[PDB]
Amino acid sequence: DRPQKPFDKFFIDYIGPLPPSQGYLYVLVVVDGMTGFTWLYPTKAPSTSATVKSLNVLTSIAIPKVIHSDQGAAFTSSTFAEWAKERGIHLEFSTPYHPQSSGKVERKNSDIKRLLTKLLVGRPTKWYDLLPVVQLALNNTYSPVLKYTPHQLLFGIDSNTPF
Amino acid sequence: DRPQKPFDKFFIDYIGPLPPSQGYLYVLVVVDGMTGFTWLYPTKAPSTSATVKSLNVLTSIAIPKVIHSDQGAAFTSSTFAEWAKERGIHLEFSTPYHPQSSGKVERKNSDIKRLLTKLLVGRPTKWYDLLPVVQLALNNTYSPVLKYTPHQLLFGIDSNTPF
Amino acid sequence: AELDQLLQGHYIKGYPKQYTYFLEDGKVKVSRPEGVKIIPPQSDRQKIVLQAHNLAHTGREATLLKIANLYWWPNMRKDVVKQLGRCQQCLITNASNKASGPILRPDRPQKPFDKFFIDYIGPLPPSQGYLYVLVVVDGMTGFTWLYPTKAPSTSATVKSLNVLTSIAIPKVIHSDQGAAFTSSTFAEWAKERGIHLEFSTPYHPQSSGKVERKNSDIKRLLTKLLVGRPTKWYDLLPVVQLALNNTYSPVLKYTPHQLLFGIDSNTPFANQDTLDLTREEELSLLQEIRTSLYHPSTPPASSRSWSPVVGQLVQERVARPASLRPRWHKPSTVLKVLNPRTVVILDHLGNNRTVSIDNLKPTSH
Amino acid sequence: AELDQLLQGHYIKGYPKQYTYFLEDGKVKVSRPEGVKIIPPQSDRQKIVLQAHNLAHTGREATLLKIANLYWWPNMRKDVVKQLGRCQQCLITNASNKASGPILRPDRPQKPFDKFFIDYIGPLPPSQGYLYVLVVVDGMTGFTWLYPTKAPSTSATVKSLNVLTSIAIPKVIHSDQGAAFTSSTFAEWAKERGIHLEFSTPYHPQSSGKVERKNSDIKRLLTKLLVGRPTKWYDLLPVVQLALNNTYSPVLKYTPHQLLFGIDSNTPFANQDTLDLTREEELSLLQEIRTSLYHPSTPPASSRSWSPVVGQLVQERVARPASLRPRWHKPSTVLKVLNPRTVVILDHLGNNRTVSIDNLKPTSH
DNA sequence: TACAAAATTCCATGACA
DNA sequence: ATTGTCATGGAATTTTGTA
DNA sequence: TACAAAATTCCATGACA
DNA sequence: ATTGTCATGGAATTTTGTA
Ligand SMILES: [Zn+2]
Ligand SMILES: [Zn+2]
């Protein structure tokens, strides 16, 4: 009803498996519905557990009202269901096979995979150390609509590392 | 020239040898010329050394202008002579054989030996522990002249242990 | 139940009319200047305050600001304060924001030997096998005896004071409640000689202030002599003792020695003013000096001080507080007020403790 | 030589006539109200003052009272003060009696991420193998990140801040000169990312005051949650972090989170005042909030404060002073006054040190 | 009945636990 | 059941030598 | 245009090193 | 080269509901 805001919705997805870096295989991807801000967490499995351990990190900063995801076994589990009921997060699922996000999220989530591939090649074994440099680049990347970096929309100032 | 005062003169003498108490054999005796106050220190020998070690204890409280003694080997030594020149104490010696004190000191120094004997007998091995009780009794003992205890003349108040 | 009448526009004590009270989602709501707030029912309100508080156990104002986001009701703070008073955890953990009233300046003892103050310094660097110094100050004169010891033990305290009381016997010996003096062996040694033992409230060195202050000077002088040299303090004690007993207090304009004896011994720069008086004239000039001495008065109370009332709720500081555990004990009642700075409390739970207010805080709320 | 003329009754500048100056024992003497005092010759006077002083290294007044027993001469104190100024020992041992001037309240950083303050808490009781907490506070917002570590090591600081700077990169990180941050490995990590390192003057935690103050609250809350329970703090850090970042400062009337993000997340009692504004209206209402924040000013100077002049003689407090050794270093010159509370000194001897005046005293005399 | 400087007193500051 | 203390050295105040 | 009480602000106090 | 901070809960002050 009212205008879209940060923390209204968090779109989550798993990327992988990738060539093992530092004993990790997967990247959990969390994009903010409204701003396009992106968190990335390396996991060892697309398991409920790995998701919860990861999302405990994120929810020490901020808790979303809604998490949107596909019907992946990890997110459909009742452990994950209970986790989110505790923190008072509403869970929301896309249809099987027809996985829909925001127009802006689809755009963003595509950017990530391509950016990951470009920088995987050449150093496929060493992608772990790069996740911060990646995360930083995405969030300070100019959006064709609004011409605001996700950073700017989240914090309401300019960053000290532009691109 | 001017009226007699505390710390003007210290009369010193050795009593002994006595039956060994706590490995001690001698009592060094220091009486104040003016007040009759008495210090007693147990020594192991009537040596210069034992005297100096003992008198270092006394001179942390007060230093006399003059020390009077007989021509005992301990006090005629040049070590003792140097000790007293340092602290700026004048040494004064009685004639050999004709040992003179103050009228009051002779009186007092006699009291000590008799008091020591009365309390030696019965517990001749245990006189060390008693030296304080002795010292206390002497100094709070009424003088026929002045009717002031040595304590009173030294401190200018009454003691908390009268006799 | 009581919020029925309100929606209809009937007045209720505490609910300001002029604001319209309406209904949505089966919750009672109100339009207020600040915004539109939910008014919870009576029974729900304690539950709410508690939840808000428990987020990070915040005080009055912090806890309210949370609540006031969603809710409104009459006299909100009153309810908040009620909880903060019953929070076991905040009570025993939060610090005080009220300082104790102004200190007392107990009258200087009248005569020398009326009162001795005693304490151990150390441990120090081992000198000649000795580690501690027993320090004994005469209350009246500030005269001081020093005895090197190997332990702050009753045993050694007794050895040392036996030599001391060969000079004279005090009426009262005042010490801290350190093991060396609170032993039953010491009490007896003391009883035998007719000496009354007297102890500072626990963990309050200010009460032993006369010794403690003298501890400072002993150390400061030792320090000055030991510059350059290795720390051979054993041989120095006597010199220090003597040096200190013969130093002027610029306020008194007298040395401890002078106050004790009434004439200077044969020390350097010995005062000769009373050289013509008989000992007797001198000894009464002394009594005159001793009663005329400067005596300090108590300072003004700070803006936000407190003082102990009988029956007040009160909390004692945890003595040796373990890492991450509360800095205060549970609440205690004041039983008697021995003086404006000393108190008897019914404790944990419950014995009588005598404590300084410096180790106390008023339970708030 | 100069005291010849005097006995004859001829005037000398500084020797008040009306008192008769006579001779005894081949010393010049004078009858004064106080009594009859020996007047030593010029050359002997330094020797005298020194002897009097050295008895127990006493100050002006104490040292004079000794001397004035036996002697008199013109402007006695002037001579005493001259010695006390040249006493190596008193200088480096005596405490100060002048307090440092009023503290500065440095302007709050303008934007979030302008400045980070960082510090380690601990050691704590071992929880899950961890002993220390790295604490990171954003200067502007007071937002705080917590990271459990096994050591206050550069190694672990880097690991932890790599996760942190995935969110954003600060301009400036301010820390104390603890080994973990003064390492060359840290300087490089920082250089790579274009972060300026900035250090507090040595042994002055007040400069890291923002973190240090936050250290307090972290500990106080952990404490409250851990009452009754054993000290399992590892699992609690997140909750604490979150709880604290979302707590109101009654002075600001905002939570760190709010200042950082400009809206509340989905936490309990989340504020809804800006629910109708577009993100854009909101984001500028935020910029308005951030510049309007309460900023404290410096307090009045105490009666007896001092402030550093260029070329002043000045002494730095001995950092970890050994038992019985001087609490102060030898004298140092002030080189530049970086601000009324910070100073560059030419030291021991001699490098440039940048120090807080709280670790300074004015060499007296 | 008065002045400049010395001599004395005042007293905040800090350290002992 | 008990209780703060006092050296120190600039500054403030009072006394002093001389008129 | 004025009141009593509530709501808000003030701010000394203490603890982080 | 750099620099104190701020929760807390009585008290003091200002605002509020009603007249
Ligand atoms: Zn609480
Ligand atoms: Zn000196």
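What should I look at first to understand the sheet that holds strand β3 (residues 38-43) of chain B in this one?
Strand pairing in a sheet is mediated by backbone hydrogen bonds. Such pairs are either parallel or antiparallel. All names here are of chain B. Here five strands make up an open sheet; going across it, the order is β3-β2-β1-β4-β5 and the pairing mixed. Both edges of this open sheet fall to β3 and β5 (90-93), since each of them pairs with a single strand only. Pairs of neighbouring strands in the sheet enclose a mean axial angle of 25 degrees, with direction left out of account. Sitting on the sheet, helix α1 (residues 48-58) is in contact with β1 (9-15), β2 (26-32), β3 and β4 (66-69), with an inclination near 140 degrees to β3.

Even after reading the chapter, I still don't get the coordination of the zinc ion (ligand 2), so can you show me in this structure?
Around a metal, the ideal angle is 109.5 degrees if four donors adopt a tetrahedral arrangement and 90 or 180 degrees if six donors adopt an octahedral arrangement. Residues and elements named next belong to chain D. The protein atoms donating to the zinc ion (ligand 2) are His53 (NE2), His57 (ND1), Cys87 (SG) and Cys90 (SG), with metal-donor distances spanning 2.0 to 2.2 Å. When the donor residues of the zinc ion (ligand 2) are listed from N- to C-terminus, their spacing reads H-x3-H-x29-C-x2-C. An identical accessibility class is assigned to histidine 53 and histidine 57; each is buried.

Help me understand the interface of chain D and chain C in this model?
By convention, interface size is frequently given as the accessible area that disappears when the constituent parts associate. Counting residues at the interface gives 52 residues for chain D and 52 residues for chain C. Taken together, both faces of the contact between chain D and chain C bury some 4500 Å²; the carbon and sulfur share is 66%. Area buried by chain D at its contact with chain C is led by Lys224, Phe269 and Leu324 of chain D, which between them contribute 20% of it. There are zero salt bridges connecting chain D and chain C. If you look at where chain D meets chain C, you find 22 residue pairs in polar contact.

Looking at this structure, I do not really get the side chain of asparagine 215 of chain C. What am I missing?
Residue and element names in this part refer to chain C. With respect to the helices and strands, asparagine 215 occurs in helix α9 (residues 209-226). Polar contacts involving the side chain of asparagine 215 include one to the side chain of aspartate 119, which spans 2.8 Å. If we skip the residues at most four places from it in the chain, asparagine 215 touches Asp119, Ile121 and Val135.

Can you walk me through the protein's contact with DNA strand E in this structure?
In the vicinity of DNA strand E, 20 residues are found, and the nearest of them are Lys219 and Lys253 of chain C together with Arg77, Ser302 and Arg304 of chain D. Taking the atoms of DNA strand E that fall within 4 Å of the protein, sugar and phosphate contribute 73% of them. Between a base oxygen of DNA strand E and a side-chain N or O atom of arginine 60 of chain D, the distance comes to 3.2 Å. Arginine 304 of chain D places a side-chain nitrogen or oxygen 2.7 Å from a base oxygen of DNA strand E. Those elements that provide at least two residues to the surface near DNA strand E are α9 of chain C together with α3 (60-70) of chain D. For the surface near DNA strand E, the element with the highest residue contribution is α9 of chain C, accounting for five residues. Along the lines of polarity and charge, the residues of the surface near DNA strand E split into two nonpolar, eight polar and ten charged.

Reading guide: rules and limits
Residues numbered from 1 in each chain as written, not as in the entry; some residues may be left out. Chains lettered and ligands numbered in written order. Heavy atoms only, no water. Residues with missing side-chain atoms left out of burial classes, pairs and counts. Pairing = 2+ DSSP bridges. Helix = DSSP H or I, 4+ residues; strand = E, 2+ residues; numbered from the N terminus. Axes fitted to C-alpha atoms, helices over the stretch in contact; angles between N-to-C directions. Contact = heavy atoms within 4.5 Å. Donors = N, O, S within 2.8 Å, 3.2 Å for Na, K, Ca; no water. Buried < 20%, exposed > 50% of the residue type's maximum accessible area, 1.4 Å probe, protein only. Buried area = accessible area lost by both parts, 1.4 Å probe. Salt bridge = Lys/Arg side-chain N within 4 Å of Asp/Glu carboxyl O. Polar contact = N/O pair within 3.5 Å; in protein donor to acceptor, adjacent residues only side chain to side chain. Near = heavy atom within 4 Å. Nonpolar A, V, L, I, M, F, W, Y, C, P; charged D, E, K, R; others polar.

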